[PDB]
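Participant:
Protein chains: 4
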Amino acid sequence: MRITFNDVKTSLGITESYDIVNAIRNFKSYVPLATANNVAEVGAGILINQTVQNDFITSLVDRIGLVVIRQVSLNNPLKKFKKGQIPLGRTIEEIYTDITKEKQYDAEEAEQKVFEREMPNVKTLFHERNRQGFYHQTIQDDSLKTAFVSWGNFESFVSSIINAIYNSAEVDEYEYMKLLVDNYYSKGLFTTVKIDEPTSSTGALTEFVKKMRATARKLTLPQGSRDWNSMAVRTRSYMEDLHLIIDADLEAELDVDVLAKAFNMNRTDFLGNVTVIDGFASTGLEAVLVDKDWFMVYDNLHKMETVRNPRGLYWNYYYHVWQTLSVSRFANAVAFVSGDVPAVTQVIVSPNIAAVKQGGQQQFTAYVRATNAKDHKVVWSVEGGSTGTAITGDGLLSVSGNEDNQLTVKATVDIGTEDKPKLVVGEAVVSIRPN
Amino acid sequence: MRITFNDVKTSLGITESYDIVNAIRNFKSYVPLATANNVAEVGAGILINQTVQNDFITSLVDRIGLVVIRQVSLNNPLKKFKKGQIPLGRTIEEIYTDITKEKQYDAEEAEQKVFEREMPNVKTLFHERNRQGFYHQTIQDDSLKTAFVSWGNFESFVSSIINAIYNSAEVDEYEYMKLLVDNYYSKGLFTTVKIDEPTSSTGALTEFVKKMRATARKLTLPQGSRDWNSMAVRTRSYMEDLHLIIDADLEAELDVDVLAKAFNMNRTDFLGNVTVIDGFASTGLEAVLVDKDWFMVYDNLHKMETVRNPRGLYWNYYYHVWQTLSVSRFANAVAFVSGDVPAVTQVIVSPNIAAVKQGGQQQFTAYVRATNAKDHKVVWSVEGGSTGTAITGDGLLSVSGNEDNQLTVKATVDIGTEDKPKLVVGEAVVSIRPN
Amino acid sequence: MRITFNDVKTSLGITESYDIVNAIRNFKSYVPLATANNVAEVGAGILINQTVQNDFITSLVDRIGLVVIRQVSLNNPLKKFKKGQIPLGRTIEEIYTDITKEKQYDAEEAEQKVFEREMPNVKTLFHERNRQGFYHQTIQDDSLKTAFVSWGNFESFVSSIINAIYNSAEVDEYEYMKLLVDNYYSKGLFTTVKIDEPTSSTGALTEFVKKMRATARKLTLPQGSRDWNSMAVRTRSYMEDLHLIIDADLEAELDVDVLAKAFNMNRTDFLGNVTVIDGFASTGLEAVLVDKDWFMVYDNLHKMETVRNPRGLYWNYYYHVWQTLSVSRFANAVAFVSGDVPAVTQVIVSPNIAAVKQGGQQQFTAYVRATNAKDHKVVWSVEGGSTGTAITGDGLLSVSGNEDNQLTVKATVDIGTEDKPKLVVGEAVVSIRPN
Amino acid sequence: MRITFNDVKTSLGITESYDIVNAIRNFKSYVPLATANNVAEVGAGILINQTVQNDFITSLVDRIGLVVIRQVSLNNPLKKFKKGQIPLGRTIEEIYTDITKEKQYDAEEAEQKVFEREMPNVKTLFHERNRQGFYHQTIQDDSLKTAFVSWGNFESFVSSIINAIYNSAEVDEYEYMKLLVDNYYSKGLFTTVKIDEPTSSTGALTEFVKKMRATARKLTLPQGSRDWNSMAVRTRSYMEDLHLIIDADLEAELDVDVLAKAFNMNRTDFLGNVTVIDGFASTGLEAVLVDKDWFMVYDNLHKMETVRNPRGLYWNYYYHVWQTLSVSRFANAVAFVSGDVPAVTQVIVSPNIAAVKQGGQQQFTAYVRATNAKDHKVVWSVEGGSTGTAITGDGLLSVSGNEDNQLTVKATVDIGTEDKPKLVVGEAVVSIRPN
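Residue numbers (our numbering), protein chains in the order written: chain A, 1 to 435; chain B, 1001 to 1435; chain C, 2001 to 2435; chain D, 3001 to 3435.
1. Under 7 Å between C-beta atoms, does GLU3102 (chain D) make it to chain C?
2. According to the Cβ coordinates, are residue 1996 (chain C) and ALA2366 (chain C) closer than 7 Å?
3. At a Cβ threshold of 7 Å, is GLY133 (chain A) touching chain C?
4. Could you tell me whether the segment 1305 to 1318 of chain B touches the segment 110 to 124 of chain A, where touching means 3 or more Cβ pairs closer than 8 Å?
5. Three or more C-beta pairs under 8 Å: does that hold for the segment 1082 to 1100 of chain B against the segment 228 to 236 of chain A?
6. Can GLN1358 (chain B) and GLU1403 (chain B) be called in contact, C-beta distance under 7 Å?
7. Could you give the distance in angstroms between the alpha-carbon of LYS2123 (chain C) and the alpha-carbon of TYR2018 (chain C)?
8. Express the C-alpha separation of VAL1256 (chain B) and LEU1012 (chain B) in angstroms, rounding to a whole number.
9. Would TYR317 (chain A) count as contacting chain C if we go by Cβ distances under 7 Å?
10. Buried or exposed for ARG3433 (chain D), going by 16 or more other Cβ atoms inside 10 Å?
11. Could you tell me which residues DSSP puts in a beta bridge with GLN1140 (chain B)?
12. So, does the CB of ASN309 (chain A) fall closer than 7 Å to a CB anywhere in chain C?
13. Can you confirm whether the segment 2214 to 2233 of chain C touches the segment 271 to 282 of chain A when touching is taken to mean that 3 or more C-beta pairs between the two stretches lie within less than 8 Å?
14. Could you list which residues in chain C have their beta carbon closer than 8 Å to that of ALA335 (chain A), in chain order?
15. Please compile the residues from chain A whose C-beta is within a distance smaller than 7 Å of the C-beta of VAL2114 (chain C).
16. Flag this pair as touching only if the segment 3163 to 3183 of chain D and the segment 3319 to 3332 of chain D have three or more C-beta atom pairs under 8 Å; answer yes or no.
17. By the DSSP assignment, the alpha helix (DSSP H) with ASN2022 (chain C) in it spans what residues?
18. What is the DSSP secondary structure of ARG2063 (chain C), counted as helix, strand or coil?
19. Verify the CB distance criterion: does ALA2034 (chain C) have a CB-CB separation below 7 Å to chain D?
20. Apply the 10 Å Cβ neighbour rule to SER3338 (chain D) and answer buried if 16 or more other Cβ atoms are within range, or exposed otherwise.
21. Compute the Euclidean distance between the alpha carbons of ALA2262 (chain C) and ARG2213 (chain C), then round it to the nearest angstrom.
22. Check whether the Cβ of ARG90 (chain A) lies closer than 7 Å to any Cβ atom in chain B.
23. Based on Cα-Cα distance, which residue from C:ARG2129, C:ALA2107, C:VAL2334 lies nearest to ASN2300 (chain C)?
24. Report yes or no: do the segment 3063 to 3070 of chain D and the segment 3289 to 3303 of chain D share at least 3 C-beta pairs separated by less than 8 Å?
25. Can you tell me the Cβ-Cβ gap for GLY3065 (chain D) and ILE3162 (chain D), rounded? I've got them flagged as a contact below 8 Å.
26. Between the alpha carbons of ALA2287 (chain C) and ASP2375 (chain C), how many angstroms are there, rounded?
27. Please report the straight-line C-alpha distance between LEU285 (chain A) and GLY279 (chain A), rounded to a whole angstrom.
28. Check whether chain C comes within 7 Å of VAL171 (chain A), counting only Cβ atoms and requiring the distance to be less than that.
29. Distance check for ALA2428 (chain C) and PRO2351 (chain C), CA to CA, integer angstroms please.
30. Name the DSSP beta bridge partners of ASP247 (chain A), please?
31. For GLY3188 (chain D), collect the residues of the same chain with a Cβ closer than 7 Å to its Cβ; drop the 5 residues on either side in sequence, then sort them by chain order.
32. According to DSSP, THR3324 (chain D) sits in a beta bridge with which residue or residues?
33. Does DSSP put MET3177 (chain D) in a helix, in a strand, or in coil?
34. By the criterion of Cβ-Cβ separation under 8 Å, what are the contact partners of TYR1174 (chain B) in chain A?
35. With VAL2334 (chain C) and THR2191 (chain C) assumed to form a contact (beta carbons below 8 Å), what rounded beta-carbon distance in angstroms separates them?
36. Return the residues of the segment 8 to 19 of chain A that lie within a Cβ-Cβ distance of less than 9 Å from chain C, sorted by chain order.
Structure below.
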């Protein structure tokens, strides 16, 4: 973010002056291949005519800037969320196998059912968001003529033409991460924890710290929780993989200690697990605690393209960066909001998508993300529409014959009153296959 | 829980792709032997015909999965309780000799008896629990044909087929450990310490911490305590061998510090000596402090076997794990309960099983595990049934001649009242040998 | 401040005595070249007559003292602000590129404009202060005759003639830095934070610590602040690059700890980022927090020259040091004053120098460095003087035709009362070009 | 202090037994040269006759004792104040150059005067104190005959004959240092700080710690203080060179930490900068904080000499140690007293000794060491006795012509009342020369 000649000299396998550009290109028999301190002759050879000048500057900026910026963007602090190129055949589908208890060994039971399968693998689709933008910059011929006086002006020129683009990209990365967090919260997929204005008083601060510690301890249970995630899937995660995104004011109010003591790290390995951003612009969001594998980014491409204006005697080089940013549905992620959030945030049906015959039955179970200790009742509805197809009050749906359309199980929970302008419902998909 | 290709690549002495399966096995002349980046002809040879496809999938799944899971399960956090294959001739009997004070050097006393023995070695029976179960999973032909496009697909396929079984077994291990602890507490062989709701307030928490520290210091006495154990044998242990099993809520309420300062370790060496579970489901059990060698497990076998369904075009592979879990009767084990435990928990007779002649005598001593400071009285009874065979009030039992039955000495402690449906009795089997 | 023979022995690749002076040089055939314990012969050879000893003392003092003092002054505690010789072609102007948000990839809008430039590069002039002075000292013939008795005497003589100049210069550097800081504050380009007498009460101390921590964490925001700097330019800096210049009494009152914990550093790495001076003598300045690249110094030259008085029999050697000190207008710098500062410190117009056609227009914005939480309104004026030239209340100025004079946009804010002998002015120079 | 054979074995370049004495030496053809397990033969050879016995014992005790005690007394904790032998031609005079500002560059002012000198070097005389004494001990013939039974008896004998002398000498070194500090305080060249009985209560302890921290930070000011030291000289010192001599009871009352936190050391490096003595026994002195170079000691000689009593069959060996102790007048030193000390401690005339012609003038400045915050007036007197030689109220003294007597400028400050049996007087010596 303060790139100098040292960074580019470490990125490339070269030392100070280099003749790779004119070696790889006629162009060769214009500038000498001397590596010594003499620079006037090579400057004259470069500026001898417009064609050679343009070819040299284009090759230089394109290749060198692209290589340097690609090498330096992979060492930024938030590089653990950055992967390589997007893998082929991604199919935008996420598959996770659920943990279950073992079956007792019994030859009597084994001698009858031996080809039985186990369970579906709760298939789901990724939550995607792609970005594509450019920065672009201009360079004058005056600050290329005044760049071959010595060997320091050349490195200053390179640093000047790289630093602006690198700083702008590094700034935009954090903003787009913040937008992803905001969109995920707006979709309602976060599991929420209620706090009360941690920055208001000192008691609120220690209450927030205690709640954070308790949430982390419950998340890091070796036996699994199933309470978190956008669906009850019974996953677990390391303590070293948890990442915290916090507001700037809250981070300033909190000390470096105790916050790190709530985890198992000690400052040096804890500041690498926390990201500080200024504001969330979403109700009363304060800090979001996610798993390491929750957020991924794949870089579609990076490119530099140049064009000269012969009327104005200058160049314009555009840097285009395209990449896709995704969040997993099976990862742990806690919202930690402070405001007037409703008591029940989301209801989840475990079977999700299922396929049944024309004369079958299926049991559905529902999980409610209530923010308090009160227990809410759930009513089941079949929706769809047919004769003889119905779901009982316990979530057992039976399908009768002569069934051809598509029906959706709906679980409704009431958090209102006599006048109830608030309904929280969850949807499950059932596909009827004729027998 | 999230084993990747790195773990299997470390477990097996291999790099990237391999051909050991087809080398070890006609089968050899169906697939190419090259290990280059080429995958199309390798996949074509693998899927050319059903027999070769079945042979490859069986060999791969069985051998590779068994080896990898066996190598990765031995590196779990709770690996210090895991022993290898059960040794031959264990005889499920444990022998331990009590420490005794040295006898003064006296030639006059020595010359009378030189072939005399010292004391019996107080044998006891191991407390065991058997486990045998299976998990099993399924794999389809579609997500076998879409695994030879690239080597990354193949390695992801291997990781996916290993991860489910690995995580299920790892989760089940903790639950069986909890069940073993519950069974031991129900048996009542723990030594109990009273605490008062550590999570209720802050005074209870610090009182619990102080009690834990005092108990650990008493346990680690160099001279010996004999107050712990299921039988008074006067053993001892180090502070670095003690292992603490604590409740999830209690662990969350407590801080990482001071708890480690109670012992001599400092966080880094202390988190490896603590196990956290979600509730004991046994009255008011909170945290159990046991010796390192208190809990052992021997793996009888692990075996993976596959079968194919030609009608449905899939495979079912079953992973069976059989092992036995034992707790030693001579290791220290403190319960640390919070509730309404009775005043007297257990009475133990030191001689335990004994053999005496028809006209002999034997002095028995009784240790009563009292949870309060009150001193209880002990009454001795002979049971058995004969004429002249009787035990005094000091615990000295003398057997009269012409005895042929087996008698059981009973030591009883009364903690009742005018109506006393509460009796605590200890048994000592004495065998009369004809003389 | 207590330079001894060890420092010169490390600076020069020599051990104990040397003959480099007579090697460089006739002079050779007066003194022996022996490096052994013999000192009388070389002393007599040096003191044989006036010319030889004068040449020897001139060469020794000038060359050796210059080299040693230059090598040792570069290792002073405040070395990180010290650069080498002034680079050629600095042009006393500073260029910065403002970080801006990216442009969305839109071909339909990109096809219209492809040769456009990006932005002005906010030209500015360096804030400079030159320094040139001398120290000088004297040496007698008696303490040159009584300096060849032993090699220890000779090395003590050398150390004595070097130490005075070294310590005087090392001291004066601190005062020059203090004067530069005071001049910057008097100019008023600092951004100010109000505190209340940290040494008055213990609450004021922790208030000052909290304010310092909050300001540092706002400065080190990854997204960028733009609130600091003498001109709002949206820059960001490391936490490791922040340097603190604090009052002596304030530093004595504050403990070494917690002040370090305010930043991410821990005492050992924090002591190298603080400079302590006794009093600022600038109203109520307490402690100034600046960026690393805010303060720079370039060494014009260092020189030593000797003269001899034949009548008084002594030598005078003068040490001249010339250097320039500059402060950047873009680096972060915070005042932390405790006094009666006005509500508004400075108003900054973003475009600064502008160039517009006779029939053009330009938009301006104004940043007000309010020291309180209140909001103030700003009024725009054209100054200049012509027909048809006017600026709106939103800062948009359109220039009418037939313009020859130079106009200056003025932004004014009022924080006074009915009697208002207090104005804050922000000037932007606009150059009119004909069409 | 607990010297064993290990210390002598590492001091001398030997391993176990040796034949150095008989090799150096007739003597050789009396004792075997075997360093093997044989000890009876060498004992008989040594004790064969009185001449050989005396020669062996004398050579052994003299040479070995001198070498061993010299090599082991230089590794004591108070070795950093211990220098080697007294240098030749020390001249017992201290010369120091006072730091000052830098002259501004001015060719017009420089061209008038180029041969002008700069400053007298405020010379003064060392404060010395000589020490010379002996310890001596006796050894019997019985415990020399009974010392060749085994090779370990010989080394036990050597350790026994060295340990007594070493213990006594190292004990007496502390007493001499305490006496030197007491004499310096009685002379009153310290600068004083008033405290109030730090052991009286607990608030006094923290007040005393705060006073120490403030004084240390004022002493270690990079710019310079001039407030400390026996004369205004404006020097500076490192924090790592400060040494603290504190009373034993006060040290026991204080804790190891926070006292070290007042400086920048952390216990391990701080315990090497503190000296503990059993009471200062000088008014109300508590702890003295001095510079490292304030106190030095030079060892004039160490000698061992033996005599034998043929009438009494024993030996007496005397160990003589002579050394001188010096305290510098230009080093920092703070007294930290708790009593009823006067408001004004000492008045110091900066020019000190002066040499003036018969018609000149001289400017004198007075520095008053006040233990309070008030101000005091200073009066000037000429003493001497002449016509027209007088000093004004600002310290400017003009000498009239035709004068030969040496005069003494006297500065007096009074802190008394109507009855004033107290005057603080500072004297300067001015010598007049005929023009």
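All C-beta atoms in this analysis are idealised placements derived from N, C-alpha and C, irrespective of residue type, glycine included.
Facilitator: So, to answer that:
1. yes
2. Look at the range of chain C in this structure, 2001 to 2435, and you will see that residue 1996 (chain C) is not part of it.
3. yes
4. yes
5. Contact between the segment 1082 to 1100 of chain B and the segment 228 to 236 of chain A is absent, because fewer than three Cβ pairs lie under 8 Å.
6. yes
7. 54 Å
8. 37 Å
9. no
10. Exposed.
11. Residue pairing by DSSP puts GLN1140 (chain B) in a beta bridge opposite B:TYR1314.
12. yes
13. At 8 Å Cβ cutoff, the stretches touch.
14. Near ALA335 (chain A) there are no residues of chain C at all, since even the closest Cβ is about 21 Å away, more than 8 Å.
15. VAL307
16. yes
17. 2020 to 2024
18. helix
19. no
20. buried
21. 5 Å
22. no
23. C:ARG2129
24. yes
25. 6 Å
26. 26 Å
27. 9 Å
28. At least one chain C Cβ lies under 7 Å of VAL171 (chain A).
29. The alpha-carbon atoms of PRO2351 (chain C) and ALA2428 (chain C) are separated by roughly 7 Å.
30. A:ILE277
31. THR3345, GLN3346
32. D:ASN3130, D:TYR3298
33. DSSP places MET3177 (chain D) in helix when its eight states are reduced to three.
34. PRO222, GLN223
35. 6 Å
36. none
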